[PDB]
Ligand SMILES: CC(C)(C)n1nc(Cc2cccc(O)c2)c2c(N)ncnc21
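Single chain ahead, written as structure tokens, the form deposited without the ligand.
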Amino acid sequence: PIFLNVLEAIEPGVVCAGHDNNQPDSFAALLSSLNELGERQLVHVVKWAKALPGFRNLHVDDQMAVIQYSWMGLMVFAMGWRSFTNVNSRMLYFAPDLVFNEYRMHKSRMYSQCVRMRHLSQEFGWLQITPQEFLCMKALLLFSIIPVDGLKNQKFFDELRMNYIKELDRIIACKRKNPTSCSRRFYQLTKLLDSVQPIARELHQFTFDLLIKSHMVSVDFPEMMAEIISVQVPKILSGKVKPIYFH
């Protein structure tokens, strides 16, 4: 299981937000912690992504762009899985020091998005997603959103994406003799992966509007995140950069 060995080997560890939980909840504090946590996780998504089999095959410029576009969705998918395994979807497990109950979901002003992520979290359970399916689906997620005008080396991207789909096939075929069984499973998983995109979009829209009025709500936007929200996120929102849906 060479491929799976690698994914398990590079899977990021626990990342904390640095949030002050002895402090009464406030929109400003929660969001500053969400921004900090997001920036902390990106550091790991970068090290993780660059260690992915075949990732270096991509053109330099395409590697960064792909990470930046997939950033939100990758965090959403992993957060849902954490919420499922840690608290059985009872709450959103952004980080051990940043757990959201409905009250926090409401005070964050991202309640609708959070409810969609709790549902995602429940999906991991209902579909009985295995730890290995999760790891392959996550890696696959990284290669599921590109520019309409294409990447610098679109062909190397296509091959890579195809190879990751094949890996998912293999993990599904493993311990499944009936193709019909493999087919339904592939159907379920690709359906789950697609569902992540609309979620990231709402978060993208939400974060973008917040940045634009950040000086009003007293939100301190990290330098790196600010740049990406103003340079990359608008491409996704304006339709220049779109996710690849299966269905």
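All residue numbers are counted from 1 along the displayed sequence.
One more form of this protein exists, namely the form solved in complex with the ligand; it is left out here, but the text below deals with it.
This form leaves room for the ligand: after superposition of the C-alphas round the site, using its pose in the entry with it bound, no atom of it sits within 2.4 Å of a backbone or C-beta atom.
If you check the ligand in the entry with it bound, you find a heavy atom from every one of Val46, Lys50 and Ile228 within 4.5 Å.
None of the heavy atoms of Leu193 is located within 4.5 Å of the ligand in the entry with it bound. In the entry with it bound, no heavy atom of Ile10 sits within 4.5 Å of the ligand. None of the heavy atoms of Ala29 is located within 4.5 Å of the ligand in the entry with it bound.
In the entry with it bound, the ligand sits beyond 4.5 Å of every heavy atom of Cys182. Contact annotation for 64-78: residues with any non-hydrogen atom within 4.5 angstroms of the ligand in the entry with it bound are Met64, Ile67, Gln68, listed in sequence order.
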